Amino acid sequence: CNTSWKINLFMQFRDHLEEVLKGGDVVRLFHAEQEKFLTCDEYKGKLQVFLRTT
Amino acid sequence: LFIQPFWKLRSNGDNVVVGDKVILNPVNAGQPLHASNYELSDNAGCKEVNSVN
Numbered sequence: 215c216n217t218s219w220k221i222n223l224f225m226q227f228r229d230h231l232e233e234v235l236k237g238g239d240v241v242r243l244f245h246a247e248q249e250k251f252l253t254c255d256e257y258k259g260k261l262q263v264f265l266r267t268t
Numbered sequence: 162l163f164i165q166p167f168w169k170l171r172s173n174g175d176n177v178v179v180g181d182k183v184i185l186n187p188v189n190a191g192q193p194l195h196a197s198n199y200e201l202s203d204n205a206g207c208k209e210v211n212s213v214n
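Which chain is which? The protein sequence lines are B and A, in order. Going by the entry's author numbering, the first residue of the first sequence is number 215, and it counts up by one from there. Going by the entry's author numbering, the first residue of the second sequence is number 162, and it counts up by one from there.
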């Protein structure tokens with residue numbers, strides 16, 4: 215075929231360190247003061263963000 | 162006086178930064194300093210400081 219693949223850069227090898235925050239990382243935000251995790255859930259047909267009491 | 166964190170952000174072994182809210186706990190008494198609400202008779206408008214939870 216004549217298909218051509220274009221190389222689009224998302225992240226460099228130097229920036230792929232595991233000791234730094236990187237785009238696309240899956241992390242959860244924990245509230246130290248209230249000791250609660252940020253969460254979003256559907257309550258009355260609409261999604262709302264809050265801190266879930268544990 | 163043990164200097165101890167008041168916020169949950171800081172933790173034991175962390176360097177104390179200027180402006181941080183800290184608690185001063187006497188080594189022997191074991192009760193943090195507290196600005197009492199008892200107005201001093203000798204001087205009006207002056208409160209008292211004592212060691213208590």
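Beta carbons are placed, not taken as given, at the ideal position from N, Cα and C, and that holds for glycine.
Just to confirm, are residue 165/B and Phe-251/B a CB contact at a threshold of 8 Å? Limits of chain B in this structure are 215 at one end and 268 at the other, which puts residue 165/B out of reach.
Just the chain A side, please: which residues come within less than 7 Å of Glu-247/B by C-beta, in chain order? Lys-169
Who are the near neighbours of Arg-242/B in its chain, counting only those whose CB is closer than 8 Å to its CB and skipping five residues on each side? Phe-251 and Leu-252
Touching or not, the region 196-209 of chain A and the region 167-183 of chain A, by the rule of three or more beta carbon pairs under 8 Å? no
Three-state secondary structure (DSSP) at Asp-255/B? strand
Opening and closing residue of the beta strand (DSSP E) in which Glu-209/A lies: 209-212
Quick one: is the Cβ of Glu-232/B within less than 7 Å of any heavy atom of the ligand ATP? Of ligands this structure carries none, so the ligand ATP is not represented either.
Note down the Cα distance separating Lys-236/B from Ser-197/A, rounded to an integer number of angstroms. 49 Å
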